[PDB]
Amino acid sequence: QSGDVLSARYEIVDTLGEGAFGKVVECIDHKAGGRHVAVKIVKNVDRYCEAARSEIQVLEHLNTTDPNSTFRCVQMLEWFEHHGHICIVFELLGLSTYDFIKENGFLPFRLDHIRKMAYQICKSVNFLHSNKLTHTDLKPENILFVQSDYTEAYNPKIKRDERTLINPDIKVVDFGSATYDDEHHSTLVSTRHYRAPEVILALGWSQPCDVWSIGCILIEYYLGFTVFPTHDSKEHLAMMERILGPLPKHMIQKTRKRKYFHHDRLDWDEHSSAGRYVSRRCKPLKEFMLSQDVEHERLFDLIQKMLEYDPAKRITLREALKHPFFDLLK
């Protein structure tokens, strides 16, 4: 649909992303000097229409409270309808953190950069949690760089050229699934690899599910790959038990997902083929650390706290923002 013109000013010039909802495109703005903006064009389908209308209402609230994007939510500039598609116009951001890592060969981010990004992500989502909202769909595809310009240098260690961001500042996008405390809470939220155990076990969720997703994001930034290479719920749980230890009994007792459990234990055979796969690919969390220096132990301390099983016990973002891991930023 490149060449189409929306609202008589925004001409499509490229596709930035795609999703359940539709697509995000880059447009030239013919009424503002040809400067470029992003536009989310939503499918003409009820569920996605209603999510976009929700998104707009959230964005108007967040933009009114924080018009300068101090807390780094993406800025909506305007919204309109076009051939029954709701279109939301945004400031143009650069690549998602996912796309940057992909294009860099799945090399992980440097720790100094991870520190800055984690801080900004926590600061943004916390702003949300302070406003009775939960995002519910945090993942690297929904954390975008403000500018994804990079310098390149030969890295002798790994015998290859690598890209380093000039500026690693980010913003959080996609408020289509965002849910106020008092609204209906969907049964299933999040993209599988970022999904908290309370969601898998259908216990109910709130702000702490976002904290779990952030835990998973930070691991991926650190390693360049997921520690939950799965598309199956019961196996995901097996993976969690290998990385983090057994699930709390009280959560197993509460759940109605009885098919995952035998007696009051995860119904998992470590000697099955799936069992080998899990044992090969997943190991205790701190065994993933690439170094033992204190900066690393502290990242991993934080991550472990974010990946607390019990959402009542899990670290809050308010508490995360004061974590020792973040001092070299002050």
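The first residue of the shown sequence is 1; numbering continues from there.
Once the C-alpha B-factors are averaged per stretch, 147-155 and 226-234 rank with 147-155 first. According to the PDB record, 30-38 carries the higher mean C-alpha B-factor of the two stretches 64-72 and 30-38. The entry assigns its greatest Cα B factor, within the set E241, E81, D174, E220, to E81. Taking only the listed residues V45, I303, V278, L285, the entry reports the highest CA temperature factor at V45. The deposited CA B-factor of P168 belongs to the highest third of values across its chain.
Placement of the Cα temperature factor of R160 within the chain: highest third of the modelled residues, per the deposited record. Among all modelled residues in its chain, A52 ranks in the middle third by Cα B-factor. Ranked within its chain, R258 lands in the middle third, by CA B factor from the PDB record. In the PDB entry, a CA B factor belonging to the highest third of its chain's modelled residues is recorded for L111.
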